[PDB]
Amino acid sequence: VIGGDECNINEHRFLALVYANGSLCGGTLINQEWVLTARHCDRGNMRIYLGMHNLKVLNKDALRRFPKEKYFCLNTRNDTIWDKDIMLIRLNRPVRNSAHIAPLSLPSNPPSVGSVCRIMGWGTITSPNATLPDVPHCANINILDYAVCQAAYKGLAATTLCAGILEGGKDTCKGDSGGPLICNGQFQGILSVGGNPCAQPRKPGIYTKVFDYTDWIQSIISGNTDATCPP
């Protein structure tokens, strides 16, 4: 996250730290056994950490988990960038609520353009040139008119939200992918892609629009037929 500050230690109890072969991502604990992240974060040998804040001062209740079930969309396009960038993972063992662990459930509605959203992650705090923080950084951004992202990014995937600061300065960045966009207290986005360098004017973040995936998520977890992702 560029342009933010250290998250409050208690404000991200649902935030998962996802490490995979040569890669850092975030994710979101949506219940006691399941995490949503970006499918592009699945780079192999995934380890998912819950209840983490400082990477160097381990919370007493921090936990390591592994994928036991893994789902993503099979109706993606190839002509848009990272279409349906979402992956639903069941953890190998559940995680109970604790000081630093609690799920964030599914949104009741998508967020209005203009909504203030929180972004967070352990991704780079500088762009260009990686500077990885020990603690997750957080910033407030806004849901932007989708046309802003359409203007910035030819080949933008559908089922996404455009979010950032129109003037730039605050943004997610490399390493924050998979992490949540929280607007009006609701889990609304999973960071997928955005401009590099990050935090550029009119080059916002593209977040998979969680609301659109509610039924898919529920179908998968509640017994899964061969559930289909939203078109």
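The numbering used is simple: start at 1 and walk along the sequence shown.
K.L.:
Averaging C-alpha B-factors over each stretch, which comes out higher, 151-159 or 132-140?
P.N.:
The deposited B-factors put 151-159 ahead on the C-alpha mean.
K.L.:
If you average the Cα B factors in the entry, which is higher, 76-84 or 103-111?
P.N.:
Taking the mean B-factor of the alpha carbons in each, 76-84 is higher.
K.L.:
With respect to the C-alpha temperature factors reported in the PDB entry, which of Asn31, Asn54, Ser192, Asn196 ranks highest?
P.N.:
Most elevated C-alpha B-factor of the set, per the entry: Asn196.
K.L.:
Reading the B-factor column of the entry, which of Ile206, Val35, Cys173, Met46 has the highest value at its C-alpha atom?
P.N.:
Largest recorded C-alpha B-factor: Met46.
K.L.:
Pull the Cα B-factor of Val95 out of the PDB entry and bin it into the chain's lowest, middle or highest third.
P.N.:
Highest third of the chain for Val95's C-alpha B-factor.
K.L.:
Can you work out whether the C-alpha temperature factor of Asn59 puts it in the lowest, middle or highest third of the chain?
P.N.:
According to the entry, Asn59 has a C-alpha B-factor in the chain's middle third.
K.L.:
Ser177's Cα B-factor: lowest, middle or highest third of the chain?
P.N.:
Lowest third of the chain for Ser177's C-alpha B-factor.
K.L.:
Could you place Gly168 in the lowest, middle or highest third of its chain by Cα temperature factor, using the values in the record?
P.N.:
As the PDB entry reports it, the C-alpha B-factor of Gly168 lands in the highest third of its chain.
K.L.:
Check where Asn184 lands among this chain's C-alpha B-factors and tell me if it's the lowest, middle or highest third.
P.N.:
It falls in the top third of the chain.
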